[PDB]
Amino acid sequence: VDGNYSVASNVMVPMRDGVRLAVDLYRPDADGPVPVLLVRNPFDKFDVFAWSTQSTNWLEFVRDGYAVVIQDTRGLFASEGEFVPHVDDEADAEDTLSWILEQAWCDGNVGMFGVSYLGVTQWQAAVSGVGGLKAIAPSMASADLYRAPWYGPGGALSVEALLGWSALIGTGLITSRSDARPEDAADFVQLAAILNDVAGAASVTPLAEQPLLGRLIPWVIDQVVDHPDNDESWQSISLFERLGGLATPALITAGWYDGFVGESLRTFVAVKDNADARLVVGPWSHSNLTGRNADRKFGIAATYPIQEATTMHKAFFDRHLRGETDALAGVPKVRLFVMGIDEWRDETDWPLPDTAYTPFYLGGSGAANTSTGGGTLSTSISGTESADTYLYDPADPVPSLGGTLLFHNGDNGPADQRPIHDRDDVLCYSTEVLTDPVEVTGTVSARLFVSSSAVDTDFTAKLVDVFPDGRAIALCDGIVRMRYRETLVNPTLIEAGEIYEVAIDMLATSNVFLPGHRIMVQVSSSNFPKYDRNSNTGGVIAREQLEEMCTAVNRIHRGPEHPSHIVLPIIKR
């Protein structure tokens, strides 16, 4: 009977090492084999409501003839084995895909879908040599774990992401525990304390000393905290380099304020030439897909369109798993929510074909410190050589406000920046009030000429849309840890007073700065806890004591000889 199905719980699937992973089978009432979709989840396969609202109404797939398999990752909940982040997903994914393909109810076509960790596991599965895998649909995911979500293109640790995720997984590990332990009660309380004040948890020094998290998940320190360089330990679990050689269709979803956005977009660019890649980007943060924020509303149309996403995913799978050549007729290659005008818009590619990478130079009379300073932005190079200076004290970093925060207040991406506009270590540069709209859609980066009194420090850059009413809404931002200015692999220190030209990867955005608005950029040397604080010593940051860290007198140079600027992807239509 079309539309009907059955569900088999806890089917144990043996891996190559003999360990069995638990899966739930949602199979359509049918005659003959059917295409299959797989979801690998570390947060209990039984708990479908927890993640499904951020993905698709996938039961529609089952009612339409697809079998869906949901699996508990190794070492979690119903699955056997020991849990360790990322390291076993490639092999386990391969063996699971192989098992599915051997089943009487599988017709030889398998696909995958899911969000966050459910997305990262798909890239790990895609790099295996399993021909049966015909397509994937990674949402808010990454193919390079160092770049997202643990560190970043700038070489700074995303400390709030690490502690928050560790606490969440820790909670799951205790819940998945065979027999309840006497300490479980206390630990649950401690984990909650971290989640209620991530910034506070991230403020302890040495940072590497994590009695609770380090005990529940040693990997947090042994791998993440202990490896600040993008060394072999990371390259071993990275999939990005292997994406260029694939030919697997991928329906990629991302969010402008999502922690994985930079890497999600990079995966689209990496696979679009060899296979049918699709891209959808909404104005969401990882925990907030409502389209509503404290000081910025994108409209009901901005709410994660789950039914539309379901229809698109089904068409995508019908094309690649069912061979329906015209299933994606009328479906755009790229679909973006363009902020400012706050409208969804179809595109033929990403980056957009007509992108004018335009430099907007830092300038102005007097000091650019604070929002009331004289800092300006202009497409014209500044005529006078000047410099803005400030003191960066690790004890008092610039608080993270919106952006791509994941766990620490990660539900307010387009945050109003006024609360921190006024710190002396926040340099502000703005255009005059616009009389014509300016669309900025694409990747964003900055190139700054800087100097420091220290042998190492950080430099941050944040793009902001200033509204007529005063709201200074964050768009995208980035950071560069100076020791990694040239490479994330082999860092070198800097010499005090020497001027360096450094690049800051500010990920991406899509925003139309409307008439009456201003384009603004904030420059500083900290953004905590989105990123951990540079100690300004050149030492092992995560192992240093606050008292042994140094303050740093940092300077931004601007003028004819040092044309510091932000590169904006200008779209003119």
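Each residue number is its position in the shown sequence, starting from 1.
task: For the higher mean C-alpha B factor in the entry, choose 100-108 or 263-271.
output: Per the PDB entry, the higher value belongs to 100-108.
message: Tell me which stretch has the larger mean Cα B-factor in this entry, 420-428 or 479-487.
response: On average, C-alpha B-factors are higher across 420-428.
message: According to the Cα B-factor stored in this entry, which of the following is highest: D349, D229, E241, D346?
response: The listed residue with the largest C-alpha B-factor is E241.
- prompt: Looking at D396, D326, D465, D411, which has the biggest Cα B factor in the entry?
  reply: Most elevated C-alpha B-factor of the set, per the entry: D326.
query: Would the CA B-factor of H565 place it in the lowest, middle or highest third of its chain?
result: Lowest third of the chain for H565's C-alpha B-factor.
query: Would the CA B-factor of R181 place it in the lowest, middle or highest third of its chain?
result: For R181, the deposited C-alpha B-factor lands in the highest third.
Record-listed C-alpha B factor of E498: chain third: Its C-alpha B-factor, which the entry lists for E498, ranks in the highest third among residues of this chain.
message: Quick check on the deposited entry: does the C-alpha B-factor of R40 sit in the lowest, middle or highest third of its chain?
response: Its C-alpha B-factor, which the entry lists for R40, ranks in the highest third among residues of this chain.
- request: Going by the recorded CA B-factors, say which third of the chain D469 sits in, lowest, middle or highest.
  value: Answer is middle: the recorded C-alpha B-factor places it there.
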